[PDB]
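Protein chains in written order, with the authors' numbering: chain B, 144 to 200, 204 to 235, 244 to 299, 301 to 313, 320 to 339, 348 to 362, 365 to 374, 380 to 390; chain A, 145 to 238, 245 to 306, 310 to 327, 330 to 341, 344 to 371, 382 to 392.
Just so it is clear, CB atoms sit at the ideal spot from N, CA and C, and this is done for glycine as well.
These notes are about the structure you will find just below.
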Amino acid sequence: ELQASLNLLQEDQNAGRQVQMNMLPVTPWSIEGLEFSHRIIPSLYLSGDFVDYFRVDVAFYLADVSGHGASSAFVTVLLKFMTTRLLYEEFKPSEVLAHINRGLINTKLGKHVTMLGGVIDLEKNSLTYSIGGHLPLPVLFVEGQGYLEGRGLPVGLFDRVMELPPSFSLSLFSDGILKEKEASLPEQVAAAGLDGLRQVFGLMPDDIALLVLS
Amino acid sequence: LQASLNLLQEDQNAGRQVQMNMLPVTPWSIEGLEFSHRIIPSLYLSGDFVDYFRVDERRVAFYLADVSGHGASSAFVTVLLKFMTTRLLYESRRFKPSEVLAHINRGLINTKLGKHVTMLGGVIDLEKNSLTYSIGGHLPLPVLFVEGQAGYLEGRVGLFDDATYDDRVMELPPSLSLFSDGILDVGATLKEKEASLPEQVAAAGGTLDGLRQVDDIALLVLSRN
């Protein structure tokens, strides 16, 4: 048998999956013609990948935590907490990646987080984004059109501004396959493929999460 | 990765051990104050957490936190706690103790899993032999062991947005213990009886945490002599 000691863990794992469920924003949430929407596919129960976008007065990001499981799930919580703390207590995300850096630098769990920061200023149709990871760069424009330029040497352990078209379509991705060949493929598949274009792309062990803006 | 269950247990262990390096070591003593604890998880990870940090040697902080229920969901909340406190440390260029329960309250109040935590805050000053403690829960009051005697300190979470926090100051003779909603682990079946039993058992028991070594159950004991 031995199912008991398992079913209990799965019932415990689910309690953590669902606690992350109410933690992420809903989709597809749109504001002033901007459809913020995402798709996260956890490793069955708990995912270290998290995505959250809120309107300051618009911020957004995609975070991929090292490895997977309970340990990785804990880190995402901190992230969701720190960002909402800055809200209660304008700027550039490069300064926000440093704030998150300090949280992780204390190395409470000794976990480094790779994220894709971004803030769109409805005023002046400008998007300022910072990246601190080796994950697949942002892609925009879908069929009409590519990878956004930016140095992601920064990481959780231890600023590019761009105008925004009317219907341009930007997608942030987790470290999900689906080396150099594989990094050239997804940009093309994204073009070939928004949420329904990414799901077909999706159609594994490590968590799979993607955030699309449009 | 194997047997599905075994994989979960290997995953659960990764979370248990990640909380291991998160808690302070024991029995850590400073200026004749032995800060030490004993946490016993139920399902690998635990909602019960204990952390005590020195503060320039002038003052010493400490607390015991019991999170609602148990499991992974509860384990997440403890993380926040450990984070918020260490944030105040870096950010405080230095009043009350209960002021910290409110800070933690705001973290949890603002769309954070809708989890309420019952804690026993406390800050002692090594020089003035005084301990100021605030409590915000209906968990088992602190028991202090002095000359083979025991008693609960008087004092009255954060889900409500109202602070409603009261802090009691009390001088300290020449051994304080915090207990979780966990009981009858080592009488049973009565509420008031069971609240009167532990103080007595604590007294009967070796005052030291050494004895202790011999829903989540976690206890923190302090000792001086």
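Contacts with chain A at 8 Å (Cβ-Cβ) include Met166 (chain B).
According to the DSSP secondary-structure assignment, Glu277 (chain B) is paired through a beta bridge with no residue. The residue from B:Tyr207, B:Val211, B:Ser212 with its alpha-carbon nearest to that of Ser248 (chain B) is B:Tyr207. Around the beta-carbon of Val162 (chain A), 16 or more other beta-carbon atoms lie within 10 Å, marking it buried. Ranking B:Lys348, B:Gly159, B:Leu325 by CA distance to the CA of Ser390 (chain B) puts B:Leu325 first. Rounded to whole angstroms, the Cβ separation of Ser335 (chain B) and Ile285 (chain B) is 14 Å, and the two are not in contact under 8 Å. Where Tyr234 (chain B) is concerned, the enclosing alpha helix (DSSP H) starts and stops at 216-234.
Under the DSSP assignment, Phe372 (chain B) falls in the alpha helix (DSSP H) whose first and last residues are 366-373. Of all residues in the region 256-289 of chain A, only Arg256, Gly257, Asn260, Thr261, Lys262, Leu263, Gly264, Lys265 come within less than 9 Å of chain B when Cβ atoms are compared, listed by chain position. The straight-line gap separating the alpha-carbon atoms of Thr170 (chain A) and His253 (chain B) is approximately 31 Å. In the DSSP assignment, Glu349 (chain B) falls within the alpha helix (DSSP H) that extends over 349-361.
Just so you know, the alpha carbons of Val341 (chain A) and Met323 (chain A) end up roughly 31 Å apart.
Annotation for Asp320 (chain A): the continuous beta strand (DSSP E) segment containing it runs 320-324. By the criterion of a C-beta distance shorter than 6 Å, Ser218 (chain A) is surrounded in its chain by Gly191, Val211, once the five residues flanking it on both sides are discounted.
Counting along the chain, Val250 (chain B) sits inside the alpha helix (DSSP H) bounded by residues 247-259.
By the Cβ criterion, the region 145-155 of chain A is not in contact with the region 175-186 of chain A, since fewer than three pairs of Cβ atoms, one from each stretch, lie closer than 8 Å.
Taking a 10 Å sphere around the C-beta of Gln299 (chain A), we find fewer than 16 other C-beta atoms and assign the residue as exposed.
Annotation: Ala361 (chain A) to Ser330 (chain A) spans about 14 Å, alpha carbon to alpha carbon. Rounded to whole angstroms, the separation of the alpha carbons of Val358 (chain B) and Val388 (chain B) is 14 Å. The beta-bridge partner set that DSSP reports for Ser330 (chain A) is empty. Looking at the DSSP output, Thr268 (chain B) sits in a beta bridge with B:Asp210. Counting every other CB atom within 10 Å of its CB across the protein chains shown gives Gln370 (chain B) a total below 16, marking it as exposed. Taking 9 Å as the Cβ-Cβ cut-off, the region 153-178 of chain B approaches chain A at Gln153, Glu154, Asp155, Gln156, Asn157, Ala158, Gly159, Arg160, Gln161, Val162, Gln163, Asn165, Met166, given in chain order. Here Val199 (chain B) is exposed. Its C-beta has fewer than 16 other C-beta atoms within 10 Å. Around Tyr188 (chain B), the same chain offers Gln156, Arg160 as residues with beta carbons nearer than 6 Å, after the five sequence neighbours per side are excluded.
Counting of Cβ neighbours within 10 angstroms places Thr261 (chain B) among the exposed residues, the total staying below 16. Check the Cα spacing between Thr364 (chain A) and each of A:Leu294, A:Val221, A:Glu175: the tightest is with A:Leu294.
When Cβ-Cβ separations below 8 Å define contact, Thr230 (chain B) makes contact with chain A.
Counted as a single uninterrupted DSSP element, the stretch harbouring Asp200 (chain A) is not any alpha helix (DSSP H), since DSSP gives it neither H nor E. For chain B, the residues of the region 195-213 of chain A that bring a beta carbon within less than 9 Å of one of its beta carbons are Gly213, in chain order.
Nearest in C-alpha terms to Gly176 (chain A), of all of A:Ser353, A:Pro327, A:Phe197, A:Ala345, is A:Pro327. Counting only Cβ-Cβ distances below 7 Å, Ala216 (chain B) has contacts in chain A at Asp155, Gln156, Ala158, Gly159, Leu189, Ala216, in chain order. By the rule that beta-carbons nearer than 8 Å mark a contact, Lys350 (chain A) does not touch chain B. Distance from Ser332 (chain B) to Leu386 (chain B) at the Cβ level is roughly 6 Å; contact confirmed, criterion being Cβ atoms closer than 8 Å. With a cutoff of 8 Å on beta-carbon distance, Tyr283 (chain B) and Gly272 (chain B) are scored as near each other.
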